[PDB]
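Next up, structure tokens for two forms of one chain, structure 1 and then structure 2.
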Structure 1
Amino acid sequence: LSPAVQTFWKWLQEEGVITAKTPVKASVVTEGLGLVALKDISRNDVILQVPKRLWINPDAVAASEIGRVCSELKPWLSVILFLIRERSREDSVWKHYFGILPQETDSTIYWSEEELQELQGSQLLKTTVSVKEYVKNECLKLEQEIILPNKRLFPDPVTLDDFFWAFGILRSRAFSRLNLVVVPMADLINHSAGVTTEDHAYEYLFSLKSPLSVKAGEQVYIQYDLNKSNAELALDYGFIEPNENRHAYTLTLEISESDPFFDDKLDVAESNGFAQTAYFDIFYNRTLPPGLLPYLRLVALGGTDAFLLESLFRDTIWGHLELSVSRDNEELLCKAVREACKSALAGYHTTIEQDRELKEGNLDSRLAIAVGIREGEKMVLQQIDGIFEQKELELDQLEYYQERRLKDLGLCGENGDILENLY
């Protein structure tokens, strides 16, 4: 199979990890390296169980030679260093493990500038840049505060490449729900859309249980996360899914401070669970998130309907926001959204037709990722615009505040005056 791999498999054996009740070996699969069943495996059938003696989480770093210096560092920053450090030590307990780790993944955090150009105008590009920058600073401050000082624990220099290396390793390998633990064995099982149960973590050791009945020769998979968008999967790991329901685009709304009614609006927003700035994730084919419309109406409020910000309504204001304020309010927010969508759609360099034709051929993993992501984002953008386009049509089918107030007027009651004269 592989010198470095075969050597890694020997290591797990000389540790009690892989005994005989381990129905799985490693192999070269389209998705890198994976676990292939040596014998049939049934649902929830235990596959592997590595002893905590072999983790690489905050607790393991706090108990190593650098456990003192990283005493007050954020959990991930601590593991980043630990990982870089052990990677150099020829006497490390993971000497064989590291000889297996991929230097890179297809995460956007490794893409070249040309590769990144394929994501031009995409929300994913923005998210990736932000994250790259952040990690950079946080990592450079580490060099000057923990690496350079203790030139005794860190003999060799430390480049950004090494930093992003460890960050990537952490974000595409560690297990969240249990907090940022890593397991040299379980670190090999890949993701499949076949899995829809999501729940394979258990435990001192790490107990991994196959959520599916794999036949001998086949690969053992798991579901990384059902709720992530394709943009999220693209950054965290280096892949995405064809499933159009994974496409999402998040909108960001806010109550500007330049708004003449800022103070009252912020009061209304916070009193109902929303901050000065709010993020609404919009997934394809899914209905608009609750709160998006009422928050949009609050943003668009305006002088005419400002009377709703009075103490008198502080208890029902949100209810009115959910039902609708007025035709001018509604019409304003619709144009705002629709223009934002058109404006955004115009930032991409390919049409959806071109993306779809490209997908009909063979594409390098990174290009395939950019094409699927940008196509998806365009679908969401166009769906959002269509939703509000209808809205602009049905602009008069909504019963606004005024009309709702006169519904119960009782114009046609009784001839009250007959009783008014009886006393």
Structure 2
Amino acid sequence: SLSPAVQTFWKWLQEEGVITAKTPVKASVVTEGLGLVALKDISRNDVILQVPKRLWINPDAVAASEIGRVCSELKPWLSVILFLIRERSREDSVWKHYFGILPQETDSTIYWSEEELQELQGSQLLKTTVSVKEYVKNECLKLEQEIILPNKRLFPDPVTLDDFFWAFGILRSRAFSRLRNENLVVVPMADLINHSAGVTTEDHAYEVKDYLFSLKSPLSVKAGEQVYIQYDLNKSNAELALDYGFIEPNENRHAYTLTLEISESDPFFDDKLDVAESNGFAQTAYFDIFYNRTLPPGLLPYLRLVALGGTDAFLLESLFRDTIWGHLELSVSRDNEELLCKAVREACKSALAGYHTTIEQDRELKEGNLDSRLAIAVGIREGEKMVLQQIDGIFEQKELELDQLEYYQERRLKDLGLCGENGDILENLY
């Protein structure tokens, strides 16, 4: 008892030369929706399935279609969305049966209702998803007026936001980008292999090799067990939440990104910006802070630069434009260190007060049964509160050790050599 549409999709892949007689993997209904359950014992690196470039849905595909003309300037994703939306309506679309399997929605925060989003109140994930929905919105209303509307012929039916977001979703939760020379590919078959924290090797279990999408199973899977792969070792839980409809219990995935910038209202803007760029940092810089990881290199120096101030402004002079970062890296002055510490700490406290539940309430909730979306909200907001508190702790410590640091002035007088020789003896020798 599988499914009708699934029944067809499985057939359509046989009638294309994709699923041969030797494919140790059938489709089945798993907890995570639809997945690929081994049809028999599989081993590490055992190729599971292969698809012909004939069936990709990448920018090259949209460029080789009727709309490739009008989308010539559009960024890659915008182009695929319109292509996806359009192909979706075409009764004669190549992916008629593949589109027949695509869930109309995932648990990504982009599809959450307003109530559902209140559960993420104060969370960065919220700020991020809001910010992303809007941008994707304006960029799609811009496509509606620049490409969609001006070409009513190519785009028959009307296109609503629910259509864009549907595509922006299918794209961001299924596209294999870790591929080489193809950084956005939609492969119908390998599109069913789900994620598992069990896979830890990563680095494309799939490979470009008619053409083919040879996807080799990273783990030894016994008969009847689902085949998995690692979606992304580096993404944070906030990212997994938005990109796919899930997060991991692993606290090491919890991250909170701080955004620093050298304000233009800063009286030394030009010089500071100069130093930042001379060392790889822009006017605005984002530092990702993960749970239990050491602060990102550069966060401190950049913070010290941002809080420089008139007193230590001499470090911006040409004299130091070669060691200034080394000094920022080491430390500038107690006044400067103390300042940045309060700024970071106040921001954490301020941020933490933005949430509507305590970490205790989130953890108690995790102890019961939560629907997919609430579970995601609770999990994410707990992690953020954890990182936020970790950061606050790291800097609360710095505030105490505010005198253990040997700042610029001290470092300068470290080489004074007061106790040398009685030089005056030689002075009189010439």
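Residue 1 is the first residue of structure 1, and the numbers go on in sequence order from there. Here the rigid core means the biggest group of C-alpha atoms that line up within 1.5 Å when the two forms are laid on top of each other.
- Looking at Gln383, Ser64, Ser27, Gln354 after a core superposition between structure 1 and structure 2, you find that only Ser64 has a C-alpha shift of 2 Å or more.
- The rigid-core alignment places the CA of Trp165 less than 2 Å apart between structure 1 and structure 2.
- After superposing the rigid core, the C-alpha of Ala193 moves by less than 2 Å between structure 1 and structure 2.
- Shown in the overlay between structure 1 and structure 2, fitted on the rigid core, is a CA shift at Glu143 of 2 Å or greater.
- For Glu394, the Cα deviation between structure 1 and structure 2 after core superposition amounts to 0.5 Å.
- Once the core of the two forms is superposed, the Cα of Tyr134 has moved 1.3 Å between structure 1 and structure 2.
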